[PDB]
Protein chains: 2
Amino acid sequence: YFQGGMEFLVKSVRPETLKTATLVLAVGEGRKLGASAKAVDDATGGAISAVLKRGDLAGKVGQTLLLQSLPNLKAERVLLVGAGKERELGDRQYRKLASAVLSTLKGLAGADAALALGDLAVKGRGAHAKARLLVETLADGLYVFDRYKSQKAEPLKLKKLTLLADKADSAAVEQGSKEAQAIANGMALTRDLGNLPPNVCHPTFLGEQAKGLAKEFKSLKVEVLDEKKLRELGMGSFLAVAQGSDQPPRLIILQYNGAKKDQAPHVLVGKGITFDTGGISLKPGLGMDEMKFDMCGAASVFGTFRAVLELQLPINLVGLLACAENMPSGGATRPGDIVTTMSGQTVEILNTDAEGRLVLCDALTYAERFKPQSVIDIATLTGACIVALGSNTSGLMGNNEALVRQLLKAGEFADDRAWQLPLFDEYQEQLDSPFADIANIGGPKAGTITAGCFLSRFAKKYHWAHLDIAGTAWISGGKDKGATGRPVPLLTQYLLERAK
Amino acid sequence: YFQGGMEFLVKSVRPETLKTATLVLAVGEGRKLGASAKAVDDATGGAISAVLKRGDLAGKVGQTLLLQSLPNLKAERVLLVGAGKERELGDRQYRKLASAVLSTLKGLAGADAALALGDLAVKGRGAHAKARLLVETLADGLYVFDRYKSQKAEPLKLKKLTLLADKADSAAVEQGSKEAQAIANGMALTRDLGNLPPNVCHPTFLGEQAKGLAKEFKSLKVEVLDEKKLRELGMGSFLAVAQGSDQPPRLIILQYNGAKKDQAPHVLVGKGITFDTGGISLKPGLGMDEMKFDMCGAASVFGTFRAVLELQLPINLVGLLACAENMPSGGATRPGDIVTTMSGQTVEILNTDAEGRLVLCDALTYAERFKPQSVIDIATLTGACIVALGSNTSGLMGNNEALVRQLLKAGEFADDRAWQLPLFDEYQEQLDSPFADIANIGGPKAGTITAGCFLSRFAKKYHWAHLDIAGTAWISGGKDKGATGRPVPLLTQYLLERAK
Ligand SMILES: [Cl-]
Ligand SMILES: [Cl-]
Ligand SMILES: [Cl-]
Ligand SMILES: [Cl-]
Ligand SMILES: [Cl-]
Ligand SMILES: [Cl-]
Ligand SMILES: [Cl-]
Ligand SMILES: [Cl-]
Ligand SMILES: [Cl-]
Ligand SMILES: [Cl-]
Ligand code: NA
Ligand code: NA
Ligand code: NA
Ligand code: NA
Ligand code: NA
Ligand code: NA
Ligand code: NA
Ligand code: NA
Ligand code: NA
Ligand code: NA
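The rules we used
These residue numbers run from 1 along each chain by written sequence and may not equal the entry numbers. Residues without coordinates are not shown. Both sets of labels track the order of writing: A upward for chains, 1 upward for ligands. Only some chains of a larger assembly appear here, and every value describes just that portion. Excluding hydrogens and water, the side-chain figures rest on all heavy atoms present in the structure. UniProt positions are given in the numbering used here, feature names are shortened, and annotations may be inferred rather than shown by experiment. Copies overlaid by least squares; the fit is on C-alpha atoms. Each residue's exposure class comes from its accessible area (1.4 Å probe, protein chains only) as a fraction of the maximum for that residue type: buried when under 20%, exposed when over 50%, partly exposed otherwise. Secondary structure elements are taken from DSSP: a helix is a run of H or I of four residues or more, a strand is a run of E of two residues or more, and numbering for both begins at the N terminus. Between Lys or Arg on one side and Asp or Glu on the other, a salt bridge is scored when a side-chain nitrogen of the former is within 4 Å of a carboxyl oxygen of the latter. Coordinating donors are taken as N, O and S atoms within 2.8 Å of the metal, stretched to 3.2 Å for Na, K and Ca; because water is absent from the atoms, sites can appear incomplete. Residue contacts are counted whenever heavy atoms from the two residues lie within 4.5 Å of one another. Buried area: the accessible area, evaluated with a 1.4 Å probe, that two parts lose upon being put together, summed over both parts. The convention used is that axes are lines fitted to C-alpha atoms, helices contributing only their stretch in contact, and that angles between N-to-C directions extend from 0 to 180 degrees. By convention the crossing between two helices is left-handed if the near helix lies anticlockwise of the far one by an angle smaller than a right angle, and right-handed if it lies clockwise. Classification convention: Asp, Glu, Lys, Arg as charged; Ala, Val, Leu, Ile, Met, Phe, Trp, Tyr, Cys, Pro as nonpolar; all other residues, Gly among them, as polar. A strand pair is defined by DSSP finding two or more bridges across the two strands. The handedness of a crossover follows from its direction of travel: if, with the strands pointing away from the viewer, the path from the first strand over the helix to the second runs clockwise, the crossover is right-handed. Any N or O atom pair separated by 3.5 Å or less is treated as a polar contact, with the protein-specific requirement of one donor-capable and one acceptor-capable atom, and with residues adjacent in sequence counted only for side-chain atom pairs.

Method of determination, as given in the entry header: X-ray crystallography; reported resolution: 1.80 Å.

By the naming in the PDB entry, chain A goes by Probable cytosol aminopeptidase and is assigned to Pseudomonas aeruginosa PA14. Turning to chain A, the UniProt record has this under Subcellular location: "Cytoplasm".

Printed below as a string of structure tokens:
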């Protein structure tokens, strides 16, 4: 169940007799009230119709009108929210409607609210799929990160949200709500870890977080490998990234065995660069505070595990979090260094700011021992991905078409979308080095793709895919600056489908 | 009277019996309802008190709660707006309160609203001064620029705003409202001219706008000088700016004689660079669309005249709008050119992007013929002013301390503030040229000041001041991108005081 201060219930009772602090109804733009709103209007003797006739609420998506006590209702307030003029909403409009409702309710002193929104239609979504989107939007919309504020906002009075559904849909709605709550809990852990400042959130801290998660979930086993063990394993490019920082690196291994021992596991590999200065290839100063989000890949592995552990899915899951801090220093890796990866391939490190792939490639080699049926790495890897796909769609590459399709489908269902980019063999020659087996960077052309090509050289032994979340893992500026928790919804949906 | 679709009335009637679509009341945070709100609450039998006790409205500045029909009231709706917990508001909080009220009313279908806000106290402001700020904020908040949108917003239903005031204050409130309406009308003309795209708003267009203003106001006389006349006058630096563009330059002269012929006039000189590419000293591409705001100086002279003409102030006023377009071309002015200004001083044009001062200096020489008692130039002159003072405070320089103080005081009253920067003689040597009498730019140090020093060399014959509005004339980005209309409120207030 959701942990962020909200209980979500599903009930099949009549809205017009439900006791609640706020009853929420949808109002169309220039079309008749839906069945639920009409039943409530009838119960009040036409009071809602009479208000709407006065014209303050045009009915555009997300517009609101709040009424107090109406005759013959047990609702203390009635919140009208506009649903536009279309027969069906798209996902974006449904989310906008839900967020407008939540924003209003947050500011009220009501301890609960009941959503009578079952008459809304959303393109391509039945009861379960609508509940997944609605509850995830509501629950994630409650997220707060204020532990470093001396002045904290007043706690919400709102503590309970009831979804009204016809009895024939209530089981699907309940299922969707339960899954959405687990996803939102995972997103909240991901966002917390992403938002923590890098002087607190370093690799050792992430190791202790993993141990704490195992304390909470007896089904989770955790092992944390330090720099001595990494050197024993021959993890040369991983160590090269870490060596310039005072902070020691960590390889965190999470294991959950929800299925029979004969089922091959799915492996999630997360880039956990807790801060990325670029190293000797130093980044510019402007906006470099957002490099604390360079561990959002690893954070999303935490969050996906958190959701899976709550749902107790019948799957075998492994998490590999490759965490290091990338700092300049008198002992840092230099451009031109050549290192031997755990696979034995030598890499010429042309640019020390292309370091995510250097911790990932050793983790991908490590993943071979699990004989996985799928391996997915998640990383804030290339600014080129933002040029290619922006901030709303993650880049996706892989060496197996069926797995890539499974991830695309999961992202569509989750409304946490990705988009495939090709790993054509012609791109690989961009990584040729006169000195070593591989150069760690290509040119300025196709940067997201050549990063995927680099990783692919370590993933040939299994079905593998790669999510570039450089654009989707956080919001850069404004009031809403901070980690997003993506791609936890995509990944959790992928695993939900693999668990059937 | 305000021309943008709003009637402003002042009335001294009881709020609790006033017929209106929406009655607006202030609610303090954690302090008793004020006298007006308490009288309305009493009339409803405690209905407003009873709602507030439920806690939906914390009372923070600008928070709102909208009620429908309440017992025994003639108001169709009651809008409660939070006024915070302080005894007195500052100007910023008063504006925020007013804007929140207006934003709510805009979205309602009510044709009018009545503001019962007389109990609000604002630091240092009596009835007249509060009405000046309130009505100007409301009227300017109604501004719309949509002539290039194919899809225009629905017209507002709100067409009338009534300010309720005690009979002892109603004359002061009425005076403040009348002046604020004239200022807002002037701001709207300024903002229109600033927001027009530069392929429409060129110097010839501004000349026709001046002629149109004289058609509307019989007290205004207008003369428009073309490039032939400028060359006859010897206006060499003005012509040098204009010569690279296909668009001919214009010197627009506005004259209003509201006082006896023995009163020396006040002169406003406006920089009207209708687009500034930098010329041969070409600007970078990023954000260069905002260079259509490089005529906001001249636009503010239009707007100040528009307000003065409506108020029929007993003063003699002259406007000089120096308008040109600054373009690269095969005949454009080159860095290193030396030109002879109308004053006879030679200027070495080191950078063709410091062109505002080159049209202004010839206009300042031209102003000598009016034997003025004050000359104020207004210009979007230096990006250095934004570094120095940001986007909320205009830079102010001058050669006469009394005039500078008068302008500072006017800006404080108007809440359209400026701040003096010094024209110490030591800064002048930055404009030394080995070849000419003056260089048109100093170094990278004290750029706002050295621009003022350059202009001061043309203003020695009269009391003069210079407003750098590079930061305050427009908003750069976001939903509210566009011209602001500043410093029309400061300038109009200055002239209101000079008219007493
Ligand atoms: Cl169903
Ligand atoms: Cl640890
Ligand atoms: Cl250690
Ligand atoms: Cl985007
Ligand atoms: Cl799916
Ligand atoms: Cl008074
Ligand atoms: Cl003209
Ligand atoms: Cl001409
Ligand atoms: Cl600022
Ligand atoms: Cl004043
Ligand atoms: Na719609
Ligand atoms: Na949509
Ligand atoms: Na990097
Ligand atoms: Na990185
Ligand atoms: Na390239
Ligand atoms: Na206050
Ligand atoms: Na204030
Ligand atoms: Na310029
Ligand atoms: Na300019
Ligand atoms: Na300098």
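Next comes the rest of the description.
Caption draft 1: Highlighting the relation of the copies chain B and chain A. After a rotation of 180° and a shift along the axis of 0.0 Å, chain B superposes on chain A with an RMSD of 0.0 Å. Each copy turns onto its partner about a two-fold axis.

Caption draft 2: A look at helix α10 (residues 356–366) of chain A. The element α10 of chain A is extensively covered by neighbouring structure, given that eleven of its eleven residues are classed as buried. For α10 of chain A, every residue scored as buried is listed here: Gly356, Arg357, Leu358, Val359, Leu360, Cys361, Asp362, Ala363, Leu364, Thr365 and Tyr366 of chain A.

Caption draft 3: Examining the pattern of salt bridges more closely. The tally for this structure, following the rule as stated, stands at 54 salt bridges over all chains. Linking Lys60 of chain B and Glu29 of chain B is a salt bridge whose minimum nitrogen-to-oxygen distance equals 2.8 Å. In this pair, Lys60 of chain B is assigned in the loop between α2 (47–53) and β3 (64–67) and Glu29 of chain B in the loop between β2 (20–27) and α1 (35–43), connecting sequence segments 31 residues apart. What you see here is one network of salt bridges that share partners, running through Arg54 and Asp56 of chain A together with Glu76 and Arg77 of chain B.

Caption draft 4: A look at the coordination of the sodium ion (ligand 13). All names here are of chain A. Each protein donor to the sodium ion (ligand 13) is listed here as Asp276 (OD), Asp353 (O), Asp353 (OD) and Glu355 (OE); together their distances run 2.1 to 2.2 Å. The sequence motif formed by the donor residues of the sodium ion (ligand 13) is D-x76-D-x1-E. Taken as a pair, the sodium ion (ligand 13) and the sodium ion (ligand 14) lie 3.2 Å from each other and share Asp276 as a ligand. Separated by 77 residues along the polypeptide, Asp276 in strand β9 (residues 266–276) and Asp353 in the loop between β12 (346–349) and α10 bring together distant segments of the chain. On the basis of relative accessible area, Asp353 is assigned to the partly exposed category, the value being 24%.

Caption draft 5: Fine view of the coordination of the sodium ion (ligand 15). Residues and elements named next belong to chain A. Here the sodium ion (ligand 15) is held by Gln430 (OE1), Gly443 (N) and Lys445 (N), and the distances to it run 2.8 to 3.1 Å. Sequence spacing of the donors to the sodium ion (ligand 15): Q-x12-G-x1-K. Of the two residues, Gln430 sits in the loop between β15 (418–420) and β16 (438–439) while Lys445 sits in the loop between β16 and α13 (447–456), which places them 15 residues apart along the sequence.

Caption draft 6: Local environment of the interface of chain B and chain A. Counting residues at the interface gives 13 residues for chain B and 13 residues for chain A. Carbon and sulfur atoms supply 31% of the area that chain B and chain A bury against each other, a total of about 1000 Å² over both sides. Its largest share of buried area at the contact with chain A, chain B owes to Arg54, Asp56 and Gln68 of chain B, together 55% of the area lost on that side. Seen at the junction of chain B and chain A, the total is four salt bridges. Of the charged contacts, one joins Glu76 of chain A and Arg54 of chain B as a salt bridge, the two residues approaching to 2.8 Å between their closest N and O atoms.

Caption draft 7: Structural detail: the packing of helix α12 (residues 401–414) of chain B against helix α14 (residues 488–498) of chain B. Residues and elements named next belong to chain B. Packing of α12 against α14 brings their axes to within 8 Å, and their N-to-C directions diverge by 115°. As α12 runs across α14, the sense of the crossing is right-handed. Here α12 contributes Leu403, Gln406, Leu407, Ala410, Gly411, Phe413 and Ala414 to the contact with α14, which in turn contributes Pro489, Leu490, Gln493, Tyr494 and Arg498. Classifying every residue of the contact of α12 with α14 gives eight nonpolar, three polar and one charged.

Caption draft 8: Quick look at the pairing of strand β9 (residues 266–276) of chain B. All names here are of chain B. Taking burial as the measure, the eleven residues of β9 include eleven buried ones, the bulk of the element. In this sheet, strand β10 (residues 316–326) lies alongside β9 in parallel orientation, the contact comprising ten bridges. Looking at the pairing, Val267 lines up with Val318 of β10. In this fold, the crossover linking β9 to β10 by way of helix α9 (residues 296–311) has right-handed handedness. Pairing of β9 with strand β13 (residues 374–379) involves five bridges; the strand directions are parallel. When the bridges of β13 are listed, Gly270 appears paired with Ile378.

Caption draft 9: Layout of the sheet that holds strand β2 (residues 20–27) of chain A. Residues and elements named next belong to chain A. Sheet architecture is open: six strands sit in the order β1-β6-β5-β2-β4-β3, paired in mixed fashion. This sheet does not close on itself; its edge strands, each paired only once, are β1 (7–11) and β3 (64–67). Ignoring strand direction, the axes of neighbouring strands in this sheet form an average angle of 20°. Here four bridges tie strand β5 (residues 112–116) to strand β6 (residues 160–164), and the two strands are oriented parallel to one another. Paired with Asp112 across the strands is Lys160, a residue of β6. Seen against the sheet, helix α3 (residues 91–106) touches β2, β3, β4 (75–82), β5 and β6 and runs at an angle of roughly 145° to β4.

Caption draft 10: A look at unusual backbone geometry. Residues and elements named next belong to chain A. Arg486 connects to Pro487 through a cis peptide bond whose omega is 10°. As for its placement among the helices and strands, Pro487 is situated in the loop between β19 (482–483) and α14 (488–498). Despite not being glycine, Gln312 shows a phi value in the positive range, around 55°. Along the chain, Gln312 falls in the loop between α9 (296–311) and β10 (316–326).

Caption draft 11: Structural view of the UniProt feature "binding site: Mn(2+) 1" in chain A. All names here are of chain A. Per the UniProt annotation, the sites labelled "binding site: Mn(2+) 1" are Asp276, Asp353 and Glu355. A maximum C-alpha distance of 8.5 Å places the annotated residues, which cover 80 residues in sequence, within one compact spot. Look at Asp276 and you get buried, because its relative accessible area is 2%. Other than its neighbours up to four places away in sequence, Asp276 contacts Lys283, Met288, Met291, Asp294, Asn326, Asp353 and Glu355. A polar contact is formed between the side chain of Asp276 and the backbone nitrogen of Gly278, at a distance of 2.9 Å. Apart from residues no more than four positions distant in its own chain, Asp353 is found in contact with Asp276, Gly278, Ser281, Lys283 and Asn326.

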